[PDB]
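Visitor:
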Amino acid sequence: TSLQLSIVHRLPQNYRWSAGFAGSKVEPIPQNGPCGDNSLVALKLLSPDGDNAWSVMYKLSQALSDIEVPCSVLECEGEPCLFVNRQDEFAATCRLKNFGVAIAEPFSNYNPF
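Note that the authors' numbering gives residue 24 to position 23 of the sequence shown, counting from 1, and the numbers run on in steps of one.
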């Protein structure tokens with residue numbers, strides 16, 4: 002049902018927080034060698050959108066962070082875009098799917114979980 006499910010990704014890259022803001026910062030890894038599996042992954046704009054899906058997505062990133070799962074949510078105009086750790090891609094879309102909103106997240110290599 003519906004016909005307006007416009008999902009976009011490109012590549013996760015390996016990036017981190019710039020030790021200034023946490024919740025409002027992103028920067029890549031210029032050849033710095035993290036512990037490894039502690040890269041971040043990022044999501045582009047999605048659709049469909051509405052105040053439901055916005056409010057719920059945001060209230061859920063907060064809720065997930067309340068447990069063990071720091072997720073990041075920022076808009077620009079009409080482009081809600083998202084940031085998660087690593088395994089938190091599949092995990093997030095899995096729990097979010099139950100909440101009924103839409104999401105744009107992959108589930109890592111061919112769903113490896």
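A virtual CB, placed ideally from N, CA and C, is assigned to each residue, including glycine.
1. Between the stretch 36-49 and the stretch 86-95, are three or more C-beta pairs nearer than 8 Å?
2. Leaving aside the five residues before and after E28 along the sequence, list all residues of the same chain whose C-beta is less than 7 Å from its C-beta, in chain order.
3. How many Å lie between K98 and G79 at the Cα?
4. At what residues does the beta strand (DSSP E) containing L44 begin and finish?
5. Identify which residue in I30, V57, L4, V85 has its Cα closest to the Cα of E69.
6. May I ask you to report which of helix, strand or coil DSSP gives residue 1?
7. Could you please give me the residues that DSSP links to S73 through a beta bridge?
Guide: The structure says:
1. yes
2. The residue you call residue 28 lines up with position 27 of the sequence shown. Contacts found: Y16, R17, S19.
3. Position 97 of the sequence shown, counted from the start, is the residue given in the question as residue 98. Position 78 of the sequence shown, counted from the start, is the residue given in the question as residue 79. Their Cα atoms are separated by approximately 21 Å.
4. In the sequence shown, residue 44 corresponds to position 43, counting from 1. Looking at the DSSP string, the run of the beta strand (DSSP E) that includes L44 is 42-44.
5. Stepping through the sequence shown from its first residue, residue 69 is reached at position 68. If we check each option's Cα against that of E69, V85 comes out closest.
6. The structure shown does not extend to residue 1, since the chain is modelled only from 2 through 114, so no value can be given for it.
7. For the purposes of this step, residue 73 is identified with residue 72 of the sequence shown, where counting begins at 1. For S73, which the question treats as bridged, DSSP gives the partners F84.
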